[PDB]
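Below, in structure tokens: the form deposited in one PDB entry, a single chain.
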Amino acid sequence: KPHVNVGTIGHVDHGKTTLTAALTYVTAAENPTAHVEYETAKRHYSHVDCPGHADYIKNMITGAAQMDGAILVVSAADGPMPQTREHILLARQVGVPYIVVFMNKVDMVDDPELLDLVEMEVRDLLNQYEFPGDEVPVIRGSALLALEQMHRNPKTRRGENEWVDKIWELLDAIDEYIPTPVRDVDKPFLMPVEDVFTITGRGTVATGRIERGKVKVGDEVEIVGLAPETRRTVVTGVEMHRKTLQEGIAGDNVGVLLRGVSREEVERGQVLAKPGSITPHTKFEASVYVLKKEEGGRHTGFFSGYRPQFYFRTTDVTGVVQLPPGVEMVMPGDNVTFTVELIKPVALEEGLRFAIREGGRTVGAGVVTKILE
């Protein structure tokens, strides 16, 4: 059964913390970071938490976080908070797939016209940032009461309690509205080359763990990276743990030989994937995070022109930083966005993570946000 990552953002005094706890206890009576887990009939969930714009944004880079969707918690009694703009702003930035809303503390408001209003506000607010403010589902309830009830009756179920039914209305909204992630093996093929040698009479062979997609024999492939040109041939065999394989799929530690490929024509760092799928580049934009001195990062800061190492999977290529206008110097611990240019072309794509180092020592780590040249 499918797995998904969801997070909670919004003012803390609005109960996002309480709502999280209510969701666990409520589904418990139907299905036997420091994240929490809970599952519906359809999927399984893990809860992320967004306390910091930076804090989070940092982790989104170090591979840690990966919200497939998020829940917005606003108190119907107060209505949106100025920061609410900033909460949403983050989502836009990291680009959360979709958002769902939960108007908490609805029991502390007599007039139901205000509620329609509060909702009116929020709806528009999201529209301001490309989100389908109208298409988004807005649940009204009270996390507190829903929880107090689950505390009294841990086995409470659907239809029984009024406030718990609202929590379900929400759980349901998630299942639906929320697109389910797009699986890996379904994505175009790709594998990072680690080693390359030969097996006399067989041909030139290259090992590595498949990252995404599938691949059998006779399949047509491309060798992107390092070289002046992207060579392309065809697979002449697959084999796991040195024992022929039917098909190799994402997550498989494999090895592959190619047709019309000398031993000198391929090596570690390079990468092979579905033809036309990804291309080689040298200039790009990226969001980074510099390790503090304690985390073993640099001791001082640096400026435009910095020329370090960027570990891209198996490789470790050289390039020069270009701090943008407004950014004059960068210090350890910083979160930044600058352009970069490398000496040799590399298979690059938005979203691609990497690392930086000064002689093996990792000093920073980021992810590609835009391709330029």
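In case it trips you up, residue 1 is the first one in the sequence shown, and so on.
What follows is about the form deposited with a small molecule bound, which we do not show.
- Distance criterion of 4.5 Å from any heavy atom to the small molecule in the deposited complex singles out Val205 from the list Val205, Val94, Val122, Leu226.
- Proximity to the small molecule in the deposited complex, taken as a non-hydrogen atom within 4.5 angstroms, holds for one residue of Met150, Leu190, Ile71, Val256, which is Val256.
- Although the partner is absent here, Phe197 is a contact residue: one of its heavy atoms lies within 4.5 angstroms of the small molecule in the deposited complex.
- Using a 4.5 angstroms threshold between heavy atoms, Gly251 stays clear of the small molecule in the deposited complex.
- Of the heavy atoms in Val290, none are within 4.5 Å of the small molecule in the deposited complex.
- Contact between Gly237 and the small molecule in the deposited complex is found at the 4.5 Å heavy atom cutoff.
- Contact with the small molecule in the deposited complex, defined as any heavy atom within 4.5 Å, is confined among 172-180, 272-280, 132-140, 237-245 to 237-245.
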